Amino acid sequence: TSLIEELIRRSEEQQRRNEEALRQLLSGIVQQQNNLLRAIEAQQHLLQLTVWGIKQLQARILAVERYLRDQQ
Amino acid sequence: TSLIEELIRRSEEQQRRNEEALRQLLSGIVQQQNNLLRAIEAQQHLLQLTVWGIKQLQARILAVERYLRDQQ
Amino acid sequence: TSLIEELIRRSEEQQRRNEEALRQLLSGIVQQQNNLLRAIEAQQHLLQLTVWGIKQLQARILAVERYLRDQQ
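Residues numbered from 1 in each chain as written, not as in the entry; some residues may be left out. Chains lettered and ligands numbered in written order. Heavy atoms only, no water.

Within the PDB entry, the label attached to chain A reads Transmembrane protein gp41, and the organism entered is Human immunodeficiency virus 1. Each PDB entry has a title, and for this one the record gives "Structure and interactions of HIV-1 gp41 CHR-NHR reverse hairpin constructs reveal molecular determinants of antiviral activity".

Now the structure itself:
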């Protein structure tokens, strides 16, 4: 999803800030960990959708396989 | 999986603790990075299973497509 | 992918270093957050490929379902 891409871009922005600050940092590290957690949660949501999409495709292919067996 | 949801909830708990501590913190940030890494590893395991599930569906649909071609 | 496994192993290495340093640490935490972000980005790439793989399987099964309907 574009949100995962948006959360990643925000993590990239915060990462550059934390590295530059390395060269207030602790707050940035904590915020960055929240940025990463949000990304992981968004990826989890899409991953869960693909899991259900795979099971629906499994059901559709099984119905076709059974139709072809039944036609014999 | 429910484990990924459990690892995420633990990361959410540790995140609230680190933010509240921001308002011992370093240990919490290190632990939180382990919580995130465990989540990423669990997501990787489920992602790998979906990759193999997709290839098995590909093989099943290909077998049906070939059966239908062969019947002609 | 093996890259995600390589990024994870690097995060595991950096995590052990940060925990041992807990027992220079800030640089290690920042680097570890970059290791995690890279993992999340790599997982996002594979996740996006599975999403497109699922839609192509959907199109293939739909074509078979339509062929079978049309043959009647």
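So much for the structure itself; the text now carries on.
Q: What am I meant to see in the relation of the copies chain A and chain C here?
A: Applying a rotation about an axis and a shift along it to one chain copy brings it onto the other copy. Superposing chain A onto chain C requires a rotation of 120° together with a translation of 0.0 Å along the rotation axis, leaving an RMSD of 0.0 Å. Taken together, the rotation and translation relating the two chain copies correspond to the operation of a three-fold axis. (Least-squares fit on C-alpha atoms.)

Q: How should I be thinking about the interface of chain C and chain B in this particular structure?
A: Many descriptions give the size of an interface as the accessible area lost when the pieces come together. Each partner contributes residues to the interface: chain C has 28 residues there, and chain B has 25 residues. Across the chain C/chain B interface, buried area totals approximately 2300 Å², and carbon plus sulfur atoms make up 71% of it. When the buried area of chain C at its contact with chain B is split by residue, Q43(C), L57(C) and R60(C) rank highest and sum to 23% of it. Across the contact surface, chain C and chain B share one salt bridge. The residue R60(C) makes a salt bridge to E65(B) at a minimum N-O spacing of 2.8 Å. Here chain C and chain B share six residue pairs in polar contact between them. Looking at the side of chain C that touches chain B, the elements with two or more residues in it are helix 1 (2-22) and helix 2 (25-71) of chain C. (Contact = heavy atoms within 4.5 Å. Buried area = accessible area lost by both parts, 1.4 Å probe. Salt bridge = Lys/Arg side-chain N within 4 Å of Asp/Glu carboxyl O. Polar contact = N/O pair within 3.5 Å; in protein donor to acceptor, adjacent residues only side chain to side chain. Helix = DSSP H or I, 4+ residues; strand = E, 2+ residues; numbered from the N terminus.)

Q: Before we go on, may I ask you to explain the side chain of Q15(C) in this structure?
A: For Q15(C), the position within the fold is in helix 1. Apart from residues lying up to four places away in sequence, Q15(C) is in contact with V30(B), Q33(B), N34(B), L37(B) and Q32(C).

Q: Explain empty space enclosed by the protein to me, please; I cannot follow it from the model alone.
A: Empty space among the atoms becomes apparent when a probe as large as a water molecule is rolled across them. Estimates place the volume of the largest cavity at around 50 Å³. As for the largest cavity, its lining consists of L57(A), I61(A), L57(B), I61(B), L57(C) and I61(C). Here the residues of the lining of the largest cavity are counted per class, giving six nonpolar, no polar and no charged. The volume enclosed by the second largest cavity comes to roughly 40 Å³. Taken together, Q43(A), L47(A), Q43(B), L47(B), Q43(C) and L47(C) form the lining of the second largest cavity. For the lining of the second largest cavity, the elements supplying multiple residues, two or more each, are helix 2 (25-71) of chain A, helix 2 (25-71) of chain B together with helix 2 of chain C. Grouping the amino acids of the lining of the second largest cavity by side-chain chemistry returns three nonpolar, three polar and no charged. (1 Å grid on protein atoms, 1.4 Å probe; cavity = no way out; pocket = protein on both sides within 12 Å on 5 of 7 lines; lining within 4 Å. Points joined across faces, edges and corners; volume = space filled by probe spheres on them. Nonpolar A, V, L, I, M, F, W, Y, C, P; charged D, E, K, R; others polar.)

Q: Looking at this structure, I do not really get the packing of helix 1 (residues 2-22) of chain A against helix 2 of chain A. What am I missing?
A: Two quantities define a packed helix pair, namely the angle between the axes and the distance from one axis to the other. Residue and element names in this part refer to chain A. With their axes 9 Å apart at the nearest point, helix 1 and helix 2 run at an angle of 160° to one another. Classified by the angle between their axes, helix 1 and helix 2 sit roughly antiparallel to one another. Taken as a pair, helix 1 and helix 2 cross one another with a handedness that is left-handed. Seen from helix 1, the contacting residues are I4, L7, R10, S11, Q14, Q15, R17, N18, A21 and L22; seen from helix 2, they are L25, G28, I29, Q31, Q32, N35, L36, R38, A39, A42, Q43 and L46. (Axes fitted to C-alpha atoms, helices over the stretch in contact; angles between N-to-C directions. Parallel < 35°, antiparallel > 145°, perpendicular 65-115°, else oblique. Left-handed = near helix turned anticlockwise from the far one by under 90°.)

Q: Is there a simple way to explain the interface of chain A and chain C in this structure?
A: In this complex, chain A contributes 28 residues to the contact, which on the side of chain C involves 25 residues. Surface buried jointly by chain A and chain C totals about 2300 Å² across both partners, of which 70% is contributed by carbon and sulfur atoms. Among the residues of chain A in contact with chain C, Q43(A), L57(A) and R60(A) are the three that bury the most area, contributing 23% of the side total. At the surface where chain A touches chain C, the tally comes to one salt bridge. Remark: the boundary between chain A and chain C carries six residue pairs in polar contact. Residue assignment for the side of chain A that touches chain C shows that the elements contributing at least two residues are helix 1 and helix 2 of chain A. No other element matches the 19 residues that helix 2 of chain A contributes to the side of chain A that touches chain C. Grouping the constituent residues of the side of chain A that touches chain C by class yields 17 nonpolar, eight polar and three charged.

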